[PDB]
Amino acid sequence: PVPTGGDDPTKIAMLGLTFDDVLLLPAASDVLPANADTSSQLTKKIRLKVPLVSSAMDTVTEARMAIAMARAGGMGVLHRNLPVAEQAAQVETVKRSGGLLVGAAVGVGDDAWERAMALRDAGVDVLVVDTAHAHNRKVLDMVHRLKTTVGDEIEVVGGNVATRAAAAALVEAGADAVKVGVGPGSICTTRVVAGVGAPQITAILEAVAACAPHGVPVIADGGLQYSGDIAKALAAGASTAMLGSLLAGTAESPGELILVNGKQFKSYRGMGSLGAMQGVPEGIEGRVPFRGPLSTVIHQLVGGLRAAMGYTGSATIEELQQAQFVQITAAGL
């Protein structure tokens, strides 16, 4: 029998590693952190100066965040937990601040096609078909319909996935980028409520195995707690990282300051939390420390990435994606 039980070796299909399971190995380097090139592909066509996108969540990204993110060289994805007219107006607001990149989330519900067309009319650059489970005909069909209808002017992202097969399906549907993350989010309770998930380093490695041969960038979404996690996600093969928790504490996120026991916080909640759905939960409502301006958070995050590129001899993100890991033990934390 199989050492962990039963007679089927495929029952337990893999050993899933998360960020805390690995470290980047230093390598020969003539790259100074200050000189590394941090640009990377968000989608097949769109390159960002900084490989970071803010999550499509209503305690993270509305117009103010999208504007600050694009000015910092990344991009925001506007959340979709509001009327179609307001979302499109947020898109327009970002555009009124210059030639700034902006994305917007849509679902696959009755109302999604209308939403997508309104955002298109508003001048959106990227449409993110954004769902709990993208390995599904309705999601694949929406990705394909958008790519064939508005595809030559708008880039279309599909997510989220957690396996090589799911990512391959989005590639075949025409996705211009694939977003990876089922289970790892800081406010996510999918793992405890449904018992479902995939540790994020293994999920990225698997998705990249399906996406890289086709020139489709992977967006690592969820579970990033530290600047060093960004470096790890990219070295695992992702081209960008999507941040929720790390940006929800910033001045530019929606929400006000909360003072508890003399310290400053902001509210941060899952899109699957009770309160987000009353606008069986798979997300919580919580708080995160107030962090100040976005520009300052992004500076330290990018600083950590630059440090990693120095250590690994990576002049570009493309080079970082070829870096090697060491696996650590439980004693290692």
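The numbering used is simple: start at 1 and walk along the sequence shown.
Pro33 is built in all of the other entries compared, counting only those with both neighbours built, so it is not a gap in a third. Modelling of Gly279 is missing from a third or more of the other compared entries in which both of its neighbours are modelled. The modelled chain breaks between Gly279 and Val280, where 10 or more residues of the deposited sequence lack coordinates. Relative to its counterpart among 124 to 132 and 191 to 199, 124 to 132 has the higher mean temperature factor, C-alpha atoms as listed in the PDB entry. Note on 33 to 41 vs 269 to 277: mean CA B-factor is higher in 269 to 277.
Reading the B-factor column for the CA atoms of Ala235, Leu243, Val84, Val77 in the entry, the top value corresponds to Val84. Ranking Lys179, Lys95, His214, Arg164 by the C-alpha B-factor listed in the PDB entry places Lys95 at the top. Among all modelled residues in its chain, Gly103 ranks in the lowest third by Cα B-factor. When the modelled residues of the chain are ordered by C-alpha B-factor, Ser55 sits in the lowest third. In the PDB entry, a CA B factor belonging to the highest third of its chain's modelled residues is recorded for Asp141.
Ranked against the other modelled residues of its chain, the C-alpha B-factor of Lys49 as given in the entry falls in the middle third.
For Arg64, the recorded CA temperature factor ranks within the middle third of the chain's modelled residues.
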